[PDB]
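Coordinates as given in protein.txt (compact mmCIF, C-alpha atoms and all ligand atoms):
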```
# COMPACT_ATOMS: atom_id res chain seq x y z
CA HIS A 1 -69.83 111.46 94.63
CA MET A 2 -66.09 111.16 94.14
CA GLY A 3 -64.18 111.67 90.89
CA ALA A 4 -63.54 114.38 88.34
CA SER A 5 -66.78 115.81 87.07
CA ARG A 6 -67.65 118.04 84.16
CA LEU A 7 -69.86 121.09 84.75
CA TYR A 8 -73.14 121.43 82.83
CA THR A 9 -76.18 123.68 83.07
CA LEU A 10 -79.89 123.19 82.73
CA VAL A 11 -82.36 126.10 82.65
CA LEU A 12 -86.13 125.78 83.13
CA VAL A 13 -88.31 128.75 82.23
CA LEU A 14 -91.16 128.20 84.68
CA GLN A 15 -94.05 130.64 84.74
CA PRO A 16 -97.26 130.38 86.81
CA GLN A 17 -99.20 128.10 84.41
CA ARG A 18 -96.51 126.90 81.96
CA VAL A 19 -92.97 125.69 81.45
CA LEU A 20 -90.73 126.06 78.40
CA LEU A 21 -89.02 122.96 77.05
CA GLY A 22 -86.84 122.33 74.01
CA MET A 23 -86.91 119.26 71.78
CA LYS A 24 -83.27 118.36 71.25
CA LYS A 25 -82.63 117.99 67.51
CA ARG A 26 -79.08 116.60 67.45
CA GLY A 27 -76.30 115.31 69.68
CA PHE A 28 -76.71 114.13 73.25
CA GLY A 29 -80.34 113.45 74.27
CA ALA A 30 -81.69 114.05 70.74
CA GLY A 31 -85.42 113.21 70.51
CA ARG A 32 -86.24 114.28 74.08
CA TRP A 33 -87.71 117.44 75.58
CA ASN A 34 -85.44 119.08 78.18
CA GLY A 35 -84.40 122.34 79.68
CA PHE A 36 -81.81 124.45 77.86
CA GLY A 37 -78.12 124.11 78.59
CA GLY A 38 -74.78 122.56 77.86
CA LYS A 39 -71.18 122.36 79.00
CA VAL A 40 -69.68 125.20 81.01
CA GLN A 41 -66.72 126.68 79.13
CA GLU A 42 -63.35 127.80 80.37
CA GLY A 43 -63.58 131.54 81.19
CA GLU A 44 -67.28 131.77 82.14
CA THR A 45 -69.07 131.24 85.42
CA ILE A 46 -71.67 128.48 85.69
CA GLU A 47 -74.46 131.09 85.65
CA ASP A 48 -72.84 132.80 82.60
CA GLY A 49 -72.80 129.40 80.85
CA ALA A 50 -76.49 128.84 81.64
CA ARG A 51 -77.38 132.25 80.17
CA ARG A 52 -75.17 131.65 77.17
CA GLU A 53 -76.82 128.30 76.45
CA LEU A 54 -80.32 129.68 76.93
CA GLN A 55 -79.50 132.37 74.32
CA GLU A 56 -77.80 129.95 71.90
CA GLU A 57 -80.61 127.38 72.05
CA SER A 58 -83.74 129.61 72.39
CA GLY A 59 -82.66 133.21 71.62
CA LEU A 60 -83.96 134.26 75.07
CA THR A 61 -82.14 136.46 77.54
CA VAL A 62 -82.94 136.76 81.21
CA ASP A 63 -82.64 139.28 84.01
CA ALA A 64 -82.15 136.80 86.86
CA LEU A 65 -81.54 133.05 87.04
CA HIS A 66 -82.19 131.26 90.35
CA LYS A 67 -80.32 128.16 91.52
CA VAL A 68 -82.89 125.37 92.09
CA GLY A 69 -80.92 122.12 92.01
CA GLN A 70 -77.86 120.05 91.36
CA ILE A 71 -78.02 116.68 89.63
CA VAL A 72 -74.97 114.40 89.35
CA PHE A 73 -75.08 111.73 86.67
CA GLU A 74 -73.00 108.59 86.30
CA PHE A 75 -73.05 106.88 82.92
CA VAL A 76 -71.76 103.31 83.31
CA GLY A 77 -68.37 103.01 81.57
CA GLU A 78 -67.82 106.80 81.24
CA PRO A 79 -65.05 108.21 83.47
CA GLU A 80 -66.41 111.73 84.11
CA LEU A 81 -69.52 112.35 86.21
CA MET A 82 -71.85 115.03 84.85
CA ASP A 83 -72.32 117.80 87.39
CA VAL A 84 -75.51 119.53 86.21
CA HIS A 85 -76.45 122.89 87.78
CA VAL A 86 -80.19 123.49 87.45
CA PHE A 87 -81.61 126.99 87.24
CA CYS A 88 -85.04 128.53 87.02
CA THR A 89 -86.50 131.85 85.89
CA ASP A 90 -90.07 133.13 85.59
CA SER A 91 -89.31 136.36 83.70
CA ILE A 92 -87.70 136.12 80.23
CA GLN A 93 -86.83 138.60 77.49
CA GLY A 94 -87.72 137.81 73.88
CA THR A 95 -89.83 135.19 72.18
CA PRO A 96 -88.36 131.70 72.14
CA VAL A 97 -87.16 130.64 68.66
CA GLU A 98 -85.83 127.43 67.17
CA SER A 99 -82.06 126.84 67.01
CA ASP A 100 -79.92 124.12 65.38
CA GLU A 101 -80.04 122.28 68.75
CA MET A 102 -83.52 122.95 70.13
CA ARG A 103 -87.18 123.40 69.10
CA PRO A 104 -88.96 125.34 71.87
CA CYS A 105 -92.54 124.77 73.05
CA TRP A 106 -94.56 125.82 76.11
CA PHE A 107 -96.27 123.09 78.16
CA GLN A 108 -99.09 123.41 80.68
CA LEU A 109 -97.92 122.13 84.05
CA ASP A 110 -100.30 119.14 83.97
CA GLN A 111 -99.19 118.13 80.43
CA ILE A 112 -95.44 117.76 80.93
CA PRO A 113 -94.32 115.16 78.34
CA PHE A 114 -92.43 112.84 80.73
CA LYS A 115 -92.51 109.82 78.44
CA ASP A 116 -90.50 111.83 75.85
CA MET A 117 -88.07 113.30 78.44
CA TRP A 118 -85.00 111.88 80.15
CA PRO A 119 -86.32 109.30 82.69
CA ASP A 120 -84.79 111.16 85.67
CA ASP A 121 -87.08 114.16 85.14
CA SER A 122 -90.19 112.43 86.53
CA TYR A 123 -88.37 112.18 89.92
CA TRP A 124 -87.11 115.79 90.34
CA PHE A 125 -89.62 117.83 88.28
CA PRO A 126 -92.27 117.63 91.02
CA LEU A 127 -89.79 119.36 93.36
CA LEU A 128 -89.07 122.03 90.70
CA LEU A 129 -92.82 122.62 90.34
CA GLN A 130 -93.22 122.80 94.17
CA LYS A 131 -90.44 125.43 94.39
CA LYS A 132 -88.29 123.02 96.46
CA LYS A 133 -84.51 123.05 96.02
CA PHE A 134 -82.90 119.65 95.57
CA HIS A 135 -79.78 117.49 95.15
CA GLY A 136 -80.14 114.48 92.87
CA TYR A 137 -77.92 111.63 91.73
CA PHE A 138 -78.74 109.17 88.92
CA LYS A 139 -76.67 106.27 87.57
CA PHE A 140 -77.62 105.40 83.97
CA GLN A 141 -76.86 102.29 81.92
CA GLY A 142 -77.17 103.67 78.41
CA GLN A 143 -79.85 106.30 77.84
CA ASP A 144 -83.02 104.61 79.17
CA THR A 145 -82.19 102.70 82.36
CA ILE A 146 -81.73 104.16 85.85
CA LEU A 147 -79.75 101.64 87.96
CA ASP A 148 -79.32 103.79 91.11
CA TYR A 149 -80.64 107.13 92.27
CA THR A 150 -80.83 109.44 95.25
CA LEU A 151 -82.93 112.57 95.70
CA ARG A 152 -83.34 114.97 98.60
CA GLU A 153 -84.50 118.49 99.35
CA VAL A 154 -81.83 121.02 100.32
CA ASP A 155 -81.88 124.51 101.82
CA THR A 156 -78.71 125.53 99.92
CA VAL A 157 -78.13 124.34 96.34
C1 LIG B 201 -79.10 111.73 81.93
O1 LIG B 201 -80.14 112.50 82.39
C2 LIG B 201 -80.34 113.83 82.06
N1 LIG B 201 -81.55 114.37 82.35
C3 LIG B 201 -81.83 115.65 82.08
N2 LIG B 201 -83.12 116.17 82.40
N3 LIG B 201 -80.91 116.45 81.50
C4 LIG B 201 -79.66 115.95 81.17
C5 LIG B 201 -79.33 114.64 81.45
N4 LIG B 201 -78.02 114.45 81.03
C6 LIG B 201 -77.58 115.62 80.52
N5 LIG B 201 -78.55 116.55 80.62
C7 LIG B 201 -78.51 117.90 80.14
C8 LIG B 201 -77.41 118.79 80.59
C9 LIG B 201 -77.29 119.68 79.52
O2 LIG B 201 -78.28 120.68 79.56
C10 LIG B 201 -77.54 118.83 78.32
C11 LIG B 201 -76.27 118.29 77.73
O3 LIG B 201 -75.50 119.16 76.99
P1 LIG B 201 -75.52 119.17 75.42
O4 LIG B 201 -74.86 117.91 74.93
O5 LIG B 201 -76.94 119.24 74.92
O6 LIG B 201 -74.74 120.38 74.96
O7 LIG B 201 -78.35 117.79 78.76
```

What is this structure when it is put down as structure tokens?
Ligand SMILES: COc1nc(N)nc2c1ncn2[C@H]1C[C@H](O)[C@@H](COP(=O)(O)O)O1
Amino acid sequence: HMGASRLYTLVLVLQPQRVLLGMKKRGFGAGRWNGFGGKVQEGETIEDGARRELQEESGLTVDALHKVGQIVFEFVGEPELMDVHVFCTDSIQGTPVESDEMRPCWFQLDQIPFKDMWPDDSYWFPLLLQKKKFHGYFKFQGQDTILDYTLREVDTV
């Protein structure tokens, strides 16, 4: 996937029988449940950015984040690809609380609200839930339509 890309993070708190999602309240993807995350800033590592965004959006801190995936997004007409680094943790510190950006809620693993999530999630979530590492690519036309996609399992994220 050639071209300048912009680094983002996505963090899924995934425990044995539940997963934490945030309802995005403003900005990009508002009105959909997602993992926690954002742009990676100058002067922080990708993992530092993931932690930062988890704290900003949910108040939670974490001992260890694990790399579980990479998803590259093309938005038709937008020059930069989005290079999203996906992370998982089971253990968390604190109780999740609402932020300006996100309203947190736990979901049982058989009640994941896919119809109110970004449409790409239904493709790669099953791999996340199976503990399989993956590389994904999705080309979107606007916010609702996937024109192209690829998805595979990887041994190294
Ligand atoms: C298009 O399909 C997509 N599907 C999913 N599941 N997540 C996506 C996504 N596009 C972007 N993100 C994620 C990355 C970031 O966590 C956040 C954006 O950063 P903020 O604008 O909220 O600061 O949204």

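Nearest-residue note for residue 35 in chain A: choosing from A:47, A:125, A:93, A:100, the minimum distance belongs to A:125, counting only C-alpha atoms.
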
Across A:41, A:130, A:61, A:9, the smallest distance to ligand LIG 201 (chain B), with all atoms listed in the file counted, is shown by A:9

Residues contacting ligand LIG 201 (chain B) - anything with an atom at most 6 Å away, using only C-alpha atoms and all ligand atoms - can you give me those as a list in words?
residues 8, 9, 10, 28, 34, 36, 37, 38, 39, 84, 118, 120 and 121 of chain A

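We find CA of residue 119 in chain A and CA of residue 87 in chain A to be spaced 18.9 Å apart.
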
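Excluding residue 144 in chain A and any residue on its chain fewer than 3 positions from it, the residues at most 12 Å away by all atoms listed in the file are residues 29, 32, 75, 115, 116, 117, 118, 119, 120, 121, 138, 139, 140, 141 and 147 of chain A.
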
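The spacing separating CA of residue 3 in chain A from CA of residue 81 in chain A amounts to 7.1 Å.
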
Given 8 Å of margin on each side, can you work out the centre and size in Å (one decimal) of an axis-aligned box holding every listed atom of range 30-46 of chain A, as AutoDock Vina command-line options?
```
--center_x -75.5 --center_y 122.5 --center_z 78.1 --size_x 40.4 --size_y 34.6 --size_z 31.2
```

Tell me which protein, DNA and RNA residues are within 8 Å of residue 7 in chain A, counting all atoms listed in the file, leaving out same-chain ones fewer than 6 positions away, and put them as a list in words.
residues 39, 40, 46, 82, 83, 84 and 85 of chain A

Neighbour residues at most 12 Å from (-81.6, 130.7, 94.8) (all atoms listed in the file) as JSON, numbers by chain
{"A": [47, 64, 65, 66, 67, 68, 69, 70, 85, 86, 87, 88, 89, 131, 132, 133, 134, 154, 155, 156, 157]}

Could the residues in this selection be saved with C-alpha atoms as a short mmCIF file (atom, residue, chain, number, x, y, z; two decimals), in the coordinates of the input?
```
data_model
loop_
_atom_site.label_atom_id
_atom_site.label_comp_id
_atom_site.auth_asym_id
_atom_site.auth_seq_id
_atom_site.Cartn_x
_atom_site.Cartn_y
_atom_site.Cartn_z
CA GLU A 47 -74.46 131.09 85.65
CA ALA A 64 -82.15 136.80 86.86
CA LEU A 65 -81.54 133.05 87.04
CA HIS A 66 -82.19 131.26 90.35
CA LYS A 67 -80.32 128.16 91.52
CA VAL A 68 -82.89 125.37 92.09
CA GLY A 69 -80.92 122.12 92.01
CA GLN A 70 -77.86 120.05 91.36
CA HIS A 85 -76.45 122.89 87.78
CA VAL A 86 -80.19 123.49 87.45
CA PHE A 87 -81.61 126.99 87.24
CA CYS A 88 -85.04 128.53 87.02
CA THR A 89 -86.50 131.85 85.89
CA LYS A 131 -90.44 125.43 94.39
CA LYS A 132 -88.29 123.02 96.46
CA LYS A 133 -84.51 123.05 96.02
CA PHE A 134 -82.90 119.65 95.57
CA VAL A 154 -81.83 121.02 100.32
CA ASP A 155 -81.88 124.51 101.82
CA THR A 156 -78.71 125.53 99.92
CA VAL A 157 -78.13 124.34 96.34
#
```

Around (-87.2, 130.1, 68.0), as given in the file, which residues come within 12 Å? Count only C-alpha atoms and list them as a ChimeraX atom specification.
/A:20-23,54-60,94-106

Preceding selection exported with C-alpha atoms as a PDB file, in the frame of the given file:
```pdb
ATOM      1  CA  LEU A  20     -90.730 126.060  78.400  1.00  0.00           C
ATOM      2  CA  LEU A  21     -89.020 122.960  77.050  1.00  0.00           C
ATOM      3  CA  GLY A  22     -86.840 122.330  74.010  1.00  0.00           C
ATOM      4  CA  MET A  23     -86.910 119.260  71.780  1.00  0.00           C
ATOM      5  CA  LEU A  54     -80.320 129.680  76.930  1.00  0.00           C
ATOM      6  CA  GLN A  55     -79.500 132.370  74.320  1.00  0.00           C
ATOM      7  CA  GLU A  56     -77.800 129.950  71.900  1.00  0.00           C
ATOM      8  CA  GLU A  57     -80.610 127.380  72.050  1.00  0.00           C
ATOM      9  CA  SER A  58     -83.740 129.610  72.390  1.00  0.00           C
ATOM     10  CA  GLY A  59     -82.660 133.210  71.620  1.00  0.00           C
ATOM     11  CA  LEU A  60     -83.960 134.260  75.070  1.00  0.00           C
ATOM     12  CA  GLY A  94     -87.720 137.810  73.880  1.00  0.00           C
ATOM     13  CA  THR A  95     -89.830 135.190  72.180  1.00  0.00           C
ATOM     14  CA  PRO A  96     -88.360 131.700  72.140  1.00  0.00           C
ATOM     15  CA  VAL A  97     -87.160 130.640  68.660  1.00  0.00           C
ATOM     16  CA  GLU A  98     -85.830 127.430  67.170  1.00  0.00           C
ATOM     17  CA  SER A  99     -82.060 126.840  67.010  1.00  0.00           C
ATOM     18  CA  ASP A 100     -79.920 124.120  65.380  1.00  0.00           C
ATOM     19  CA  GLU A 101     -80.040 122.280  68.750  1.00  0.00           C
ATOM     20  CA  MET A 102     -83.520 122.950  70.130  1.00  0.00           C
ATOM     21  CA  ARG A 103     -87.180 123.400  69.100  1.00  0.00           C
ATOM     22  CA  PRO A 104     -88.960 125.340  71.870  1.00  0.00           C
ATOM     23  CA  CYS A 105     -92.540 124.770  73.050  1.00  0.00           C
ATOM     24  CA  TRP A 106     -94.560 125.820  76.110  1.00  0.00           C
TER      25      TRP A 106
END
```

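Interatomic distance, CA of residue 109 in chain A to CA of residue 135 in chain A: 21.8 Å.
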
Can you complete the atoms of range 5-29 of chain A to N, CA, C and O atoms and list them as a PDB file, in the coordinates of the input?
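Listed below is the output, result-v3.pdb:
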```pdb
ATOM      1  N   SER A   5     -65.513 115.588  87.696  1.00  0.00           N
ATOM      2  CA  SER A   5     -66.780 115.810  87.070  1.00  0.00           C
ATOM      3  C   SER A   5     -66.616 116.935  86.071  1.00  0.00           C
ATOM      4  O   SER A   5     -65.611 117.648  86.074  1.00  0.00           O
ATOM      5  N   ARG A   6     -67.596 117.040  85.196  1.00  0.00           N
ATOM      6  CA  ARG A   6     -67.650 118.040  84.160  1.00  0.00           C
ATOM      7  C   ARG A   6     -68.892 118.873  84.432  1.00  0.00           C
ATOM      8  O   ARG A   6     -69.967 118.308  84.647  1.00  0.00           O
ATOM      9  N   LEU A   7     -68.745 120.195  84.442  1.00  0.00           N
ATOM     10  CA  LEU A   7     -69.860 121.090  84.750  1.00  0.00           C
ATOM     11  C   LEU A   7     -70.788 121.263  83.548  1.00  0.00           C
ATOM     12  O   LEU A   7     -70.322 121.516  82.440  1.00  0.00           O
ATOM     13  N   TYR A   8     -72.092 121.114  83.794  1.00  0.00           N
ATOM     14  CA  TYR A   8     -73.140 121.430  82.830  1.00  0.00           C
ATOM     15  C   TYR A   8     -74.188 122.311  83.485  1.00  0.00           C
ATOM     16  O   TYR A   8     -74.221 122.461  84.716  1.00  0.00           O
ATOM     17  N   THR A   9     -75.055 122.861  82.642  1.00  0.00           N
ATOM     18  CA  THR A   9     -76.180 123.680  83.070  1.00  0.00           C
ATOM     19  C   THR A   9     -77.472 123.160  82.496  1.00  0.00           C
ATOM     20  O   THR A   9     -77.498 122.498  81.455  1.00  0.00           O
ATOM     21  N   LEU A  10     -78.553 123.498  83.185  1.00  0.00           N
ATOM     22  CA  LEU A  10     -79.890 123.190  82.730  1.00  0.00           C
ATOM     23  C   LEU A  10     -80.780 124.327  83.238  1.00  0.00           C
ATOM     24  O   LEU A  10     -80.733 124.665  84.421  1.00  0.00           O
ATOM     25  N   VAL A  11     -81.565 124.919  82.341  1.00  0.00           N
ATOM     26  CA  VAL A  11     -82.360 126.100  82.650  1.00  0.00           C
ATOM     27  C   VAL A  11     -83.818 125.804  82.295  1.00  0.00           C
ATOM     28  O   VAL A  11     -84.109 125.375  81.169  1.00  0.00           O
ATOM     29  N   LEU A  12     -84.698 126.020  83.266  1.00  0.00           N
ATOM     30  CA  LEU A  12     -86.130 125.780  83.130  1.00  0.00           C
ATOM     31  C   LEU A  12     -86.817 127.121  83.247  1.00  0.00           C
ATOM     32  O   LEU A  12     -86.725 127.779  84.290  1.00  0.00           O
ATOM     33  N   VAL A  13     -87.473 127.558  82.171  1.00  0.00           N
ATOM     34  CA  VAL A  13     -88.310 128.750  82.230  1.00  0.00           C
ATOM     35  C   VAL A  13     -89.691 128.346  82.748  1.00  0.00           C
ATOM     36  O   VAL A  13     -90.468 127.720  82.024  1.00  0.00           O
ATOM     37  N   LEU A  14     -89.985 128.700  83.995  1.00  0.00           N
ATOM     38  CA  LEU A  14     -91.160 128.200  84.680  1.00  0.00           C
ATOM     39  C   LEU A  14     -91.991 129.384  85.118  1.00  0.00           C
ATOM     40  O   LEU A  14     -91.585 130.151  85.993  1.00  0.00           O
ATOM     41  N   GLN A  15     -93.154 129.525  84.489  1.00  0.00           N
ATOM     42  CA  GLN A  15     -94.050 130.640  84.740  1.00  0.00           C
ATOM     43  C   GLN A  15     -95.226 130.059  85.519  1.00  0.00           C
ATOM     44  O   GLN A  15     -95.231 128.854  85.788  1.00  0.00           O
ATOM     45  N   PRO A  16     -96.188 130.897  85.944  1.00  0.00           N
ATOM     46  CA  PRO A  16     -97.260 130.380  86.810  1.00  0.00           C
ATOM     47  C   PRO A  16     -97.979 129.139  86.281  1.00  0.00           C
ATOM     48  O   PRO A  16     -98.115 128.166  87.029  1.00  0.00           O
ATOM     49  N   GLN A  17     -98.392 129.170  85.013  1.00  0.00           N
ATOM     50  CA  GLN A  17     -99.200 128.100  84.410  1.00  0.00           C
ATOM     51  C   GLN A  17     -98.500 127.366  83.246  1.00  0.00           C
ATOM     52  O   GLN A  17     -99.127 126.557  82.557  1.00  0.00           O
ATOM     53  N   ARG A  18     -97.206 127.597  83.039  1.00  0.00           N
ATOM     54  CA  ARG A  18     -96.510 126.900  81.960  1.00  0.00           C
ATOM     55  C   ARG A  18     -95.008 126.828  82.148  1.00  0.00           C
ATOM     56  O   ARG A  18     -94.417 127.617  82.885  1.00  0.00           O
ATOM     57  N   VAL A  19     -94.406 125.884  81.439  1.00  0.00           N
ATOM     58  CA  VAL A  19     -92.970 125.690  81.450  1.00  0.00           C
ATOM     59  C   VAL A  19     -92.499 125.548  80.009  1.00  0.00           C
ATOM     60  O   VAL A  19     -93.208 124.943  79.175  1.00  0.00           O
ATOM     61  N   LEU A  20     -91.337 126.130  79.723  1.00  0.00           N
ATOM     62  CA  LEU A  20     -90.730 126.060  78.400  1.00  0.00           C
ATOM     63  C   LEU A  20     -89.782 124.874  78.349  1.00  0.00           C
ATOM     64  O   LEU A  20     -88.939 124.709  79.237  1.00  0.00           O
ATOM     65  N   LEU A  21     -89.934 124.040  77.324  1.00  0.00           N
ATOM     66  CA  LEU A  21     -89.020 122.960  77.050  1.00  0.00           C
ATOM     67  C   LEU A  21     -88.553 123.033  75.604  1.00  0.00           C
ATOM     68  O   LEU A  21     -89.222 123.628  74.749  1.00  0.00           O
ATOM     69  N   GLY A  22     -87.396 122.434  75.348  1.00  0.00           N
ATOM     70  CA  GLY A  22     -86.840 122.330  74.010  1.00  0.00           C
ATOM     71  C   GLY A  22     -86.703 120.880  73.618  1.00  0.00           C
ATOM     72  O   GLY A  22     -86.258 120.062  74.423  1.00  0.00           O
ATOM     73  N   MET A  23     -87.110 120.573  72.380  1.00  0.00           N
ATOM     74  CA  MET A  23     -86.910 119.260  71.780  1.00  0.00           C
ATOM     75  C   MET A  23     -85.524 119.274  71.176  1.00  0.00           C
ATOM     76  O   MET A  23     -85.254 120.051  70.274  1.00  0.00           O
ATOM     77  N   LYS A  24     -84.648 118.410  71.691  1.00  0.00           N
ATOM     78  CA  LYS A  24     -83.270 118.360  71.250  1.00  0.00           C
ATOM     79  C   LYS A  24     -83.221 117.685  69.875  1.00  0.00           C
ATOM     80  O   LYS A  24     -83.740 116.580  69.687  1.00  0.00           O
ATOM     81  N   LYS A  25     -82.609 118.377  68.914  1.00  0.00           N
ATOM     82  CA  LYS A  25     -82.630 117.990  67.510  1.00  0.00           C
ATOM     83  C   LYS A  25     -81.410 117.183  67.051  1.00  0.00           C
ATOM     84  O   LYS A  25     -81.449 116.517  66.015  1.00  0.00           O
ATOM     85  N   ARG A  26     -80.325 117.252  67.815  1.00  0.00           N
ATOM     86  CA  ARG A  26     -79.080 116.600  67.450  1.00  0.00           C
ATOM     87  C   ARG A  26     -78.255 116.389  68.706  1.00  0.00           C
ATOM     88  O   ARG A  26     -78.528 116.999  69.747  1.00  0.00           O
ATOM     89  N   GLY A  27     -77.248 115.531  68.599  1.00  0.00           N
ATOM     90  CA  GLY A  27     -76.300 115.310  69.680  1.00  0.00           C
ATOM     91  C   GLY A  27     -76.899 114.557  70.858  1.00  0.00           C
ATOM     92  O   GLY A  27     -77.806 113.741  70.707  1.00  0.00           O
ATOM     93  N   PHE A  28     -76.385 114.867  72.041  1.00  0.00           N
ATOM     94  CA  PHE A  28     -76.710 114.130  73.250  1.00  0.00           C
ATOM     95  C   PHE A  28     -78.160 114.402  73.679  1.00  0.00           C
ATOM     96  O   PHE A  28     -78.555 115.555  73.828  1.00  0.00           O
ATOM     97  N   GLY A  29     -78.937 113.333  73.868  1.00  0.00           N
ATOM     98  CA  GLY A  29     -80.340 113.450  74.270  1.00  0.00           C
ATOM     99  C   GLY A  29     -81.290 113.846  73.144  1.00  0.00           C
ATOM    100  O   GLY A  29     -82.418 114.253  73.409  1.00  0.00           O
TER     101      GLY A  29
END
```
